[PDB]
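# sequence first, structure after; it's an experimental one.
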Amino acid sequence: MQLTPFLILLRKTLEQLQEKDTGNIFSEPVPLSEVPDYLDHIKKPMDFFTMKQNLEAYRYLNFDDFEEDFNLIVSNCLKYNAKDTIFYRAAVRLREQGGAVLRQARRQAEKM
Ligand SMILES: CC(C)Cc1ccc(S(=O)(=O)Nc2cc3c(cc2N2CCOCC2)n(C)c(=O)c(=O)n3C)cc1
């Protein structure tokens, strides 16, 4: 646990993104057992737990790779689900609120 300012920032940012997911519907992988066709359409599933595991294994080297995985959580959800669903509407809201979190966090990352 030799921390860096960058990794601390990513940890804080991930917590701020998860706070926007008040129903915790993006906290864990979409359960493939409950949805057997998910991988037929979604090439790379993503969720906040997987992102936390990547972070704790020190696999995010820059802000772009971190943001790319967040964007997968949203875009996977919009792709798989019909527009008139709780999941789709939640992904739209997360894109909006999470985008603001990422804008502020990238500004802090830029001055590192
Ligand atoms: C009206 C609804 C909300 C009723 C309902 C339907 C299915 C399921 S579920 O048991 O299949 N779990 C599930 C599938 C998801 C999903 C997220 C969850 N969870 C993850 C853990 O918190 C609980 C919800 N998300 C984010 C997707 O984007 C997506 O495509 N699917 C398939 C649960 C609840």
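Noted; the coordinates are in hand. Residues are numbered from 1 along each chain as shown.
# show me what from the chain comes close to the ligand.
Contact residues (Cβ under 6 Å from any ligand atom) of the chain with the ligand: 24-26, 28, 30-31, 34-35, 77, 80-81, 86-87. Bear in mind the C-beta positions are built from the backbone N, C-alpha and C, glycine included.
# ok, and the most crowded of those?
If you count neighbours using other Cβ atoms under 10 Å, the busiest of those is residue 26, which has 26 neighbours.
# which helix runs longest in this structure?
For the chain, the helix reaching the highest residue count under DSSP state H is reported as helix 86-110.
# quick one: residue 42 and residue 78 touch, right?
No - assessed by Cβ atoms under 8 Å, residue 42 is found out of contact with residue 78, at 10.9 Å.
# so between these two, which is more surrounded?
residue 42 (18 against 13).
# in space, what's closest to the more buried one - neighbours in sequence excluded?
residue 76 (5.0 Å; Cβ to Cβ, 6 or more residues apart in numbering).
# for whichever helix or strand the one you found is part of, packing partners?
Following DSSP states H and E, one finds residue 76 within helix 63-80. Using 3 or more Cβ pairs under 8 Å, 6 or more residues apart in numbering; DSSP states H and E, the elements in contact with helix 63-80 are helix 5-20, helix 38-41, helix 48-56, helix 86-110.
# roughly how far is it from the heart of the chain?
6 Å (Cα atoms, centre = their mean, to the nearest Å).
# same check on stretch 9-22?
9 Å.
# could you dump that stretch to CSV, C-alpha only?
Presented in CSV, the C-alpha positions along stretch 9-22 are these (Å, rounded to 0.1, in the frame of the first residue of the first chain):
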residue,chain,number,x,y,z
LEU,A,9,-7.9,10.4,-6.6
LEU,A,10,-9.2,7.4,-8.5
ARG,A,11,-10.4,5.9,-5.3
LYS,A,12,-12.2,9.1,-4.3
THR,A,13,-13.7,9.4,-7.8
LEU,A,14,-14.9,5.8,-7.8
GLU,A,15,-16.7,6.4,-4.4
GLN,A,16,-18.2,9.6,-5.9
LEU,A,17,-19.5,7.7,-8.9
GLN,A,18,-21.0,4.9,-6.8
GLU,A,19,-22.8,7.4,-4.6
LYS,A,20,-24.7,8.5,-7.7
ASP,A,21,-25.9,4.9,-8.1
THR,A,22,-28.3,5.1,-5.2
